[PDB]
Structures are given as C-alpha cells and as structure tokens.
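I have placed the structure first, in the form of structure tokens, so that the comments after it can refer back to it.
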Amino acid sequence: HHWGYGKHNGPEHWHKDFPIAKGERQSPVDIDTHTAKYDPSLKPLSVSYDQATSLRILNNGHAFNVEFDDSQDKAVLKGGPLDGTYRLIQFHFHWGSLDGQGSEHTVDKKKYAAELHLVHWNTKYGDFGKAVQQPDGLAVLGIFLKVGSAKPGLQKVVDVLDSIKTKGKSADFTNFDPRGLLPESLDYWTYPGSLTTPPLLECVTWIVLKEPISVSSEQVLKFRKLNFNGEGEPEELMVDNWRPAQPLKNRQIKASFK
Ligand SMILES: [N]S(=O)(=O)[N][C]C1234B567B89%10B%11%12%13B85%14B%1158B%12%11%15B%139%12B%1061B%12%112C5%153B%14874
Ligand SMILES: [Zn+2]
C-alpha cells in the first residue's frame, strides 16, 4: 500500500507515513496576488541552462522525470531569493484529467492544466541526498501550463512518452534543451516550502513564474495516456497527480515585480 494519488493512498493519507505533511512550511500553496508583496531585496534571477546535459526519461509511477547530468556546474539557477548556486537535477510535471485542473500551486484559487517543476540542489551540500536534509537545500522553479497553442520545445518530450508508458520504464533522452520550456518573462513569486510529494521534506525555496507557457490540447492529451501501473497490470491512467494547496501558516509570498 504505497503512496499515490488515489482515494486510498492519496494526499489526505500521506501524513500517516510522513507526519511532516501537516508541517509548518508545506507546498504547494495558493498564491494570493493581492497579498503577495513586491520585495526590493530580491536580486535578479539567473537561469543558465545553455550547457544542460539531459540523460534519460523515466516513468516512476507518479510522473515522468527527465534527468540531467549534475556532476558539474552545467545547468544552474542562481539569484532571485537564492544564496549561492543550485544545479539542475531533473524536471517533471503535474497534470489533470481535464484542462481546468492539474497544477499544484494556484493563483487566486485558479488551477492551471499542469505545472512544470525544474528541481535544483544547492551545491554547498555536495549531493542531492544531503541537500534535501537542509532548509535551503533545493530550489524548484515552477511554471504553469495552460492549453492553447503548442509549445514546440515540449514536443520532443511528448513524442518519447510512448516508450515509457508504464511504471519503471525509462528511455535515453539526450540533448534535450530545457530552455525551450521557459516563458518570456522571469517575473516570479517566491516562498519557503516543501517537496509536494513524499517525503514532503521542508527543504525547498519555491520560485513560481507568473507567466504560464501554452501547450496544445494534443500535447497534454499525450501526458494523459501515461500509466501509473506497471507493464501487464490493469491500466490506471496517469492523471491528477497533483497535491492540493496546503495552509500558508507563518509565511509571506514575495513578488519579484510591481
Ligand atoms: N513535486 S516535487 O518536485 O516537490 N517532488 C518530486 C520529487 B521526485 B523524487 B526526488 B524526484 B526529486 B525528490 B523525490 B520526488 B521528490 C523530488 B523529484
Ligand atoms: Zn513536482
């Protein structure tokens, strides 16, 4: 009986194995745009993905992960609220069964069709496993997806999903450029939070871009053809793999923009 997104193992059950689910800095959250305050102390955000080296794409039974070589500083996030250098390790998405749901963060209670998480770790801690044990160990760049025009830089991902339909399947995925998944604007909201999946560790500086990217109906439909189950098991479509908004508690969301 492991964790997932169903009635019997979903978000409302996670706290039994992972008591930090009811912690003081859980993610995601609703971003109330009128309560978020512009912060002049924020430095410019630097997304440096030119040298990124993708390796593989994996269906882990919860989402698909595009993994990167993070054995040197090649694709890095710095600036904004961050002190130091954070290395890109992987990205993945959360999405819905319908276009009106799928994001984890919400904006004035609005749910987007999906949300992209680019996961980075603070190089001062030497490895990802050490980083997740620290309050400032990770920086996750969150980008909302809405349905409209196709995102050309997403299509290479979309076209490999056939090869990784079921839990445990992986495919080589070299030379993928994550720059093609970014919107024009780097305007963002930031707050201290957590991983939104077990182990729900309170180790993340969240940076959520205000500008969504647009993807086509056909693109998101292909996400929805993935499977939570393993090969030769009854088919359970990989949809609605999002955690809902959690209590903000003693936190302020800061805006990079006026
Ligand atoms: N939505 S999230 O990025 O907070 N958490 C997803 C994951 B998957 B697995 B590792 B990988 B890295 B860590 B565990 B799980 B946690 C981050 B990725
Ligand atoms: Zn995520």
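To be explicit about the labels: the chains of the structure tokens are called A, B, and onward in the order shown, and within each one the residues are counted from 1, while ligands get numbers from 1 in the order they are shown.
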Dump as JSON lines the rows for residues of stretch 146-188 of chain A within 9 Å of stretch 86-102 of chain A: closest atom pair and distance in Å with one decimal, only C-alpha atoms counted, ordered by chain and rising residue number.
{"residue": "A:146", "atom": "CA", "partner": "A:99", "partner_atom": "CA", "distance": 7.7}
{"residue": "A:147", "atom": "CA", "partner": "A:99", "partner_atom": "CA", "distance": 6.9}
{"residue": "A:178", "atom": "CA", "partner": "A:91", "partner_atom": "CA", "distance": 8.9}
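The closest residue to ligand 1, picked from A:156, A:74, A:224, A:120 and counting only C-alpha atoms and all ligand atoms, is A:120.
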Of the candidates A:70, A:114, A:108, A:168, which one gets nearest to residue A:128 if we count only C-alpha atoms?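 Result for the nearest residue to residue A:128: A:70.
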Compare A:139, A:157, A:213, A:57 by their minimum atom-to-atom distance to residue A:45, counting only C-alpha atoms, and give me the closest one.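 Among the listed residues, A:139 lies closest to residue A:45.
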Can you work out which residues are within 6 Å of ligand 1, considering only C-alpha atoms and all ligand atoms, and then hand them over as a VMD selection string? chain A and resid 117 195 to 197
Can you check which residues of stretch 3-248 of chain A DSSP gives as helix (DSSP H, G or I) on the backbone and send them as an MDAnalysis selection string? chainID A and resid 14:16 19:22 123:125 128:131 152:164 178:181 217:223
So that I can see what lies close to residue A:26, please list as a PyMOL selection string the residues with an atom at most 9 Å from it, counting only C-alpha atoms and leaving out residues fewer than 4 positions away in the same chain. chain A and resi 20-22+192-196+200-202+245-249
So that I have them on file, write out the residues from the current selection with N, CA, C and O atoms, as a PDB file, in the first residue's frame.
ATOM      1  N   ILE A  20       5.273  15.014   8.555  1.00  0.00           N
ATOM      2  CA  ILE A  20       5.619  16.371   8.106  1.00  0.00           C
ATOM      3  C   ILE A  20       4.587  16.910   7.085  1.00  0.00           C
ATOM      4  O   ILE A  20       4.574  18.098   6.843  1.00  0.00           O
ATOM      5  N   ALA A  21       3.698  16.046   6.572  1.00  0.00           N
ATOM      6  CA  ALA A  21       2.607  16.502   5.689  1.00  0.00           C
ATOM      7  C   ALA A  21       1.767  17.598   6.315  1.00  0.00           C
ATOM      8  O   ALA A  21       1.172  18.384   5.597  1.00  0.00           O
ATOM      9  N   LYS A  22       1.683  17.644   7.634  1.00  0.00           N
ATOM     10  CA  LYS A  22       0.925  18.674   8.363  1.00  0.00           C
ATOM     11  C   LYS A  22       1.857  19.718   8.995  1.00  0.00           C
ATOM     12  O   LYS A  22       1.505  20.388   9.969  1.00  0.00           O
ATOM     13  N   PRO A 192       9.198  29.992   1.082  1.00  0.00           N
ATOM     14  CA  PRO A 192       9.828  28.792   1.588  1.00  0.00           C
ATOM     15  C   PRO A 192       8.790  27.703   1.726  1.00  0.00           C
ATOM     16  O   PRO A 192       7.754  27.921   2.354  1.00  0.00           O
ATOM     17  N   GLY A 193       9.086  26.514   1.218  1.00  0.00           N
ATOM     18  CA  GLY A 193       8.144  25.412   1.275  1.00  0.00           C
ATOM     19  C   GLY A 193       8.793  24.054   1.289  1.00  0.00           C
ATOM     20  O   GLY A 193       9.859  23.842   1.910  1.00  0.00           O
ATOM     21  N   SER A 194       8.134  23.103   0.643  1.00  0.00           N
ATOM     22  CA  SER A 194       8.473  21.698   0.752  1.00  0.00           C
ATOM     23  C   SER A 194       8.383  20.989  -0.596  1.00  0.00           C
ATOM     24  O   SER A 194       7.860  21.526  -1.530  1.00  0.00           O
ATOM     25  N   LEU A 195       8.876  19.776  -0.655  1.00  0.00           N
ATOM     26  CA  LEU A 195       8.577  18.851  -1.722  1.00  0.00           C
ATOM     27  C   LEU A 195       7.061  18.643  -1.634  1.00  0.00           C
ATOM     28  O   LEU A 195       6.456  18.612  -0.539  1.00  0.00           O
ATOM     29  N   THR A 196       6.424  18.533  -2.787  1.00  0.00           N
ATOM     30  CA  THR A 196       4.972  18.302  -2.820  1.00  0.00           C
ATOM     31  C   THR A 196       4.602  16.837  -2.951  1.00  0.00           C
ATOM     32  O   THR A 196       3.419  16.512  -3.021  1.00  0.00           O
ATOM     33  N   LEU A 200       8.096  14.812   1.349  1.00  0.00           N
ATOM     34  CA  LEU A 200       7.486  16.080   1.823  1.00  0.00           C
ATOM     35  C   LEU A 200       8.400  16.944   2.658  1.00  0.00           C
ATOM     36  O   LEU A 200       7.955  17.808   3.403  1.00  0.00           O
ATOM     37  N   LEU A 201       9.703  16.792   2.400  1.00  0.00           N
ATOM     38  CA  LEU A 201      10.740  17.447   3.181  1.00  0.00           C
ATOM     39  C   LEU A 201      10.697  18.949   2.980  1.00  0.00           C
ATOM     40  O   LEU A 201      10.451  19.429   1.873  1.00  0.00           O
ATOM     41  N   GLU A 202      10.893  19.692   4.060  1.00  0.00           N
ATOM     42  CA  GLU A 202      10.777  21.143   4.109  1.00  0.00           C
ATOM     43  C   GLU A 202      12.132  21.777   3.771  1.00  0.00           C
ATOM     44  O   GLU A 202      12.773  22.462   4.589  1.00  0.00           O
ATOM     45  N   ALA A 245      -3.440  22.689  -2.620  1.00  0.00           N
ATOM     46  CA  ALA A 245      -2.920  23.744  -1.797  1.00  0.00           C
ATOM     47  C   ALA A 245      -2.985  23.417  -0.324  1.00  0.00           C
ATOM     48  O   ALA A 245      -4.017  22.922   0.134  1.00  0.00           O
ATOM     49  N   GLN A 246      -1.916  23.750   0.385  1.00  0.00           N
ATOM     50  CA  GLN A 246      -1.758  23.493   1.830  1.00  0.00           C
ATOM     51  C   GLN A 246      -1.787  24.828   2.576  1.00  0.00           C
ATOM     52  O   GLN A 246      -1.562  25.884   1.981  1.00  0.00           O
ATOM     53  N   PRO A 247      -1.973  24.803   3.890  1.00  0.00           N
ATOM     54  CA  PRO A 247      -2.035  26.016   4.682  1.00  0.00           C
ATOM     55  C   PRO A 247      -0.750  26.840   4.621  1.00  0.00           C
ATOM     56  O   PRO A 247       0.340  26.327   4.779  1.00  0.00           O
ATOM     57  N   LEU A 248      -0.922  28.129   4.373  1.00  0.00           N
ATOM     58  CA  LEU A 248       0.220  29.052   4.279  1.00  0.00           C
ATOM     59  C   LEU A 248       0.924  29.224   5.627  1.00  0.00           C
ATOM     60  O   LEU A 248       2.127  29.412   5.661  1.00  0.00           O
ATOM     61  N   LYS A 249       0.171  29.167   6.729  1.00  0.00           N
ATOM     62  CA  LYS A 249       0.736  29.292   8.081  1.00  0.00           C
ATOM     63  C   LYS A 249       1.589  30.568   8.195  1.00  0.00           C
ATOM     64  O   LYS A 249       1.189  31.612   7.686  1.00  0.00           O
TER      65      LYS A 249
END
Where in stretch 90-251 of chain A does DSSP assign strand (DSSP E), given as JSON, numbers by chain? {"A": [90, 91, 92, 93, 94, 95, 106, 107, 114, 115, 116, 117, 118, 119, 120, 121, 122, 138, 139, 140, 141, 142, 143, 144, 145, 146, 147, 170, 171, 172, 188, 189, 190, 191, 192, 193, 204, 205, 206, 207, 208, 209, 213, 214, 215]}
Residues near stretch 47-49 of chain A, anyone? I mean within 6 Å using only C-alpha atoms, not counting same-chain ones fewer than 2 positions away, as JSON, numbers by chain. {"A": [51, 52, 75, 76, 77]}
Could those selected residues go to a file with N, CA and C atoms, as a compact mmCIF listing (two decimals), in the first residue's frame?
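Dumped everything to selection_8.txt:
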# COMPACT_ATOMS: atom_id res chain seq x y z
N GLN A 51 24.35 24.86 -21.08
CA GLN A 51 25.21 23.66 -21.04
C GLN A 51 24.52 22.43 -20.44
N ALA A 52 23.21 22.48 -20.35
CA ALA A 52 22.48 21.37 -19.74
C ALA A 52 22.73 20.09 -20.54
N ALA A 75 24.02 23.31 -15.79
CA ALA A 75 22.72 23.97 -15.83
C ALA A 75 22.41 24.40 -14.39
N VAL A 76 22.37 25.71 -14.17
CA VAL A 76 22.28 26.26 -12.82
C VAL A 76 21.30 27.40 -12.69
N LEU A 77 20.73 27.47 -11.51
CA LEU A 77 19.83 28.53 -11.11
C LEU A 77 20.50 29.31 -9.97
Mind checking which residues fall within 12 Å of residue A:161, counting only C-alpha atoms, ignoring those fewer than 6 positions away in the same chain, and posting them as an MDAnalysis selection string? chainID A and resid 56:59 63:66 154:155 167 169:173 219:227 238
Export of prior selection with N, CA, C and O atoms as a short mmCIF file (atom, residue, chain, number, x, y, z; two decimals), in the first residue's frame:
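Done, and the output landed in out-v1.cif:
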data_model
loop_
_atom_site.label_atom_id
_atom_site.label_comp_id
_atom_site.auth_asym_id
_atom_site.auth_seq_id
_atom_site.Cartn_x
_atom_site.Cartn_y
_atom_site.Cartn_z
N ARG A 56 18.21 10.79 -19.45
CA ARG A 56 17.19 9.77 -19.54
C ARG A 56 15.84 10.34 -19.13
O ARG A 56 15.78 11.37 -18.44
N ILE A 57 14.78 9.68 -19.58
CA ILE A 57 13.42 9.97 -19.16
C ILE A 57 12.85 8.69 -18.51
O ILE A 57 13.01 7.59 -19.03
N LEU A 58 12.23 8.84 -17.34
CA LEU A 58 11.79 7.71 -16.50
C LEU A 58 10.33 7.93 -16.07
O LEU A 58 9.98 9.00 -15.55
N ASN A 59 9.50 6.90 -16.23
CA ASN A 59 8.19 6.85 -15.60
C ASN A 59 8.39 6.20 -14.24
O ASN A 59 8.74 5.03 -14.19
N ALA A 63 4.92 10.31 -11.96
CA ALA A 63 5.07 11.27 -13.05
C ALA A 63 6.14 10.70 -14.00
O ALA A 63 6.57 9.56 -13.84
N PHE A 64 6.58 11.49 -14.97
CA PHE A 64 7.81 11.18 -15.67
C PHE A 64 8.87 12.22 -15.33
O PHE A 64 8.59 13.42 -15.22
N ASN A 65 10.10 11.73 -15.15
CA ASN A 65 11.23 12.55 -14.79
C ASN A 65 12.24 12.60 -15.94
O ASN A 65 12.70 11.55 -16.39
N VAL A 66 12.57 13.79 -16.43
CA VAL A 66 13.71 14.00 -17.33
C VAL A 66 14.92 14.35 -16.46
O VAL A 66 14.95 15.38 -15.74
N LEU A 154 8.45 21.51 -26.13
CA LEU A 154 7.88 20.35 -25.39
C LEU A 154 7.68 19.10 -26.24
O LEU A 154 7.61 17.99 -25.70
N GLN A 155 7.56 19.27 -27.56
CA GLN A 155 7.17 18.15 -28.42
C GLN A 155 8.12 16.93 -28.33
O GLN A 155 7.68 15.79 -28.39
N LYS A 167 4.99 2.26 -15.31
CA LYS A 167 5.88 2.46 -14.16
C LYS A 167 7.14 1.62 -14.32
O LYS A 167 7.05 0.41 -14.59
N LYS A 169 9.55 2.06 -16.58
CA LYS A 169 10.14 2.21 -17.93
C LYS A 169 10.96 3.49 -18.03
O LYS A 169 10.54 4.54 -17.55
N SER A 170 12.12 3.39 -18.65
CA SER A 170 12.98 4.53 -18.99
C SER A 170 13.45 4.47 -20.47
O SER A 170 13.42 3.41 -21.11
N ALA A 171 13.83 5.63 -21.00
CA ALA A 171 14.34 5.77 -22.38
C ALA A 171 15.48 6.79 -22.40
O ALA A 171 15.52 7.73 -21.61
N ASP A 172 16.42 6.58 -23.29
CA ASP A 172 17.51 7.52 -23.43
C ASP A 172 16.87 8.82 -23.85
O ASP A 172 15.91 8.83 -24.64
N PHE A 173 17.40 9.92 -23.34
CA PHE A 173 16.82 11.25 -23.60
C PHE A 173 17.94 12.28 -23.48
O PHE A 173 18.01 13.08 -22.54
N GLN A 219 -0.82 17.93 -27.03
CA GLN A 219 0.32 17.70 -26.12
C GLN A 219 -0.12 17.18 -24.74
O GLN A 219 0.41 16.17 -24.25
N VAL A 220 -1.09 17.85 -24.12
CA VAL A 220 -1.50 17.42 -22.77
C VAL A 220 -2.25 16.09 -22.84
O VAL A 220 -2.14 15.27 -21.95
N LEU A 221 -2.98 15.85 -23.93
CA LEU A 221 -3.66 14.55 -24.11
C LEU A 221 -2.65 13.40 -24.09
O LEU A 221 -2.94 12.32 -23.58
N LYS A 222 -1.46 13.64 -24.62
CA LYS A 222 -0.43 12.59 -24.61
C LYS A 222 0.11 12.36 -23.20
O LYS A 222 0.40 11.24 -22.84
N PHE A 223 0.21 13.41 -22.38
CA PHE A 223 0.56 13.22 -20.96
C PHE A 223 -0.44 12.25 -20.31
O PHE A 223 -0.08 11.41 -19.51
N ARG A 224 -1.72 12.45 -20.64
CA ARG A 224 -2.81 11.70 -20.03
C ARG A 224 -2.93 10.23 -20.49
O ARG A 224 -3.76 9.49 -19.97
N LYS A 225 -2.10 9.83 -21.45
CA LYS A 225 -2.03 8.45 -21.92
C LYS A 225 -1.01 7.59 -21.16
O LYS A 225 -1.00 6.35 -21.29
N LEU A 226 -0.18 8.25 -20.35
CA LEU A 226 0.72 7.54 -19.47
C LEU A 226 -0.05 6.73 -18.47
O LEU A 226 -1.24 6.93 -18.25
N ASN A 227 0.66 5.80 -17.86
CA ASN A 227 0.09 4.89 -16.88
C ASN A 227 0.80 4.98 -15.53
O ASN A 227 2.03 5.03 -15.48
N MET A 238 -2.39 7.81 -15.79
CA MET A 238 -1.62 8.79 -15.01
C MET A 238 -2.21 10.18 -15.28
O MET A 238 -1.85 10.85 -16.23
#
